[PDB]
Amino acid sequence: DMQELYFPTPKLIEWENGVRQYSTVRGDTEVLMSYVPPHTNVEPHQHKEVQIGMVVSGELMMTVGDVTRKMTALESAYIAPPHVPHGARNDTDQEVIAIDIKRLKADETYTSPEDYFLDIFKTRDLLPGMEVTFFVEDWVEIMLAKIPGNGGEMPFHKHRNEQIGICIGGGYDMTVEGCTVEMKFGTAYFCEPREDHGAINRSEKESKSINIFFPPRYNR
């Protein structure tokens, strides 16, 4: 009944310059997957919401404040604090696929590295065979996860931490509070604090996801 809560139906945003974005929202948080065409500029802006982002595919020139970093897929993240100007350019011959999370909570303090970009904090197995990679700031933890094929599983559990995520490769069955969805590329899920969730990958190919914790769960 409430599947729309945990797995929001995305809206498509189609710009005139060719950028396409898929918007999923639950309450105070929005997830956007963006496809930016070759040699295309994304005009700078600013807003009261904090913004965290990462490249999923391709290479993107990302600008936050005075800083522009060439972002390689899945190897860095950025945080644009509230009202900090930010924009981007796909300066390559290839499409960029990027992810960004926009958010505003009254009790959160949106710190960031002084030059805005986060590098890999640590890579390691979360469960035997399940490799994860962390990017860590005070109030948020990004965790890349690979769920092995042929039965790879994240057992059901709950935690104080809010947890939001998006599938970025392969497929898997995701369950939140008794609602099971077949995740595919771009599918987003939203877990409020203490909401039951789990996952299994029954396919042959491993499945990749980006999972985000407020506040950090593993590296505090």
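Residue indices: 1-based, along the sequence shown.
*Asks:* Out of 179-187 and 40-48, which stretch has the higher average CA B-factor listed in the record?
*Replies:* Mean CA B-factor is higher for 40-48.
*Asks:* On mean Cα temperature factor in this entry, is 26-34 or 56-64 the higher one?
*Replies:* If you average the C-alpha B-factors of 26-34 and of 56-64, the larger mean comes out for 26-34.
*Asks:* Just the C-alpha B-factor column, please: which of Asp119, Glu108, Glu141, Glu114 has the biggest number?
*Replies:* Answer, based on the entry's C-alpha B-factors: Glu108.
*Asks:* Sorting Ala88, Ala77, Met130, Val96 by Cα temperature factor from the record, which one lands on top?
*Replies:* Max CA B-factor in the entry, restricted to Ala88, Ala77, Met130, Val96: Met130.
*Asks:* Which third of the chain does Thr92 land in by C-alpha B-factor: lowest, middle or highest?
*Replies:* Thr92: CA B-factor falls in the middle third of its chain.
*Asks:* Is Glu195 in the lowest, middle or highest third of its chain when residues are ranked by C-alpha B-factor?
*Replies:* Lowest third of the chain for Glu195's C-alpha B-factor.
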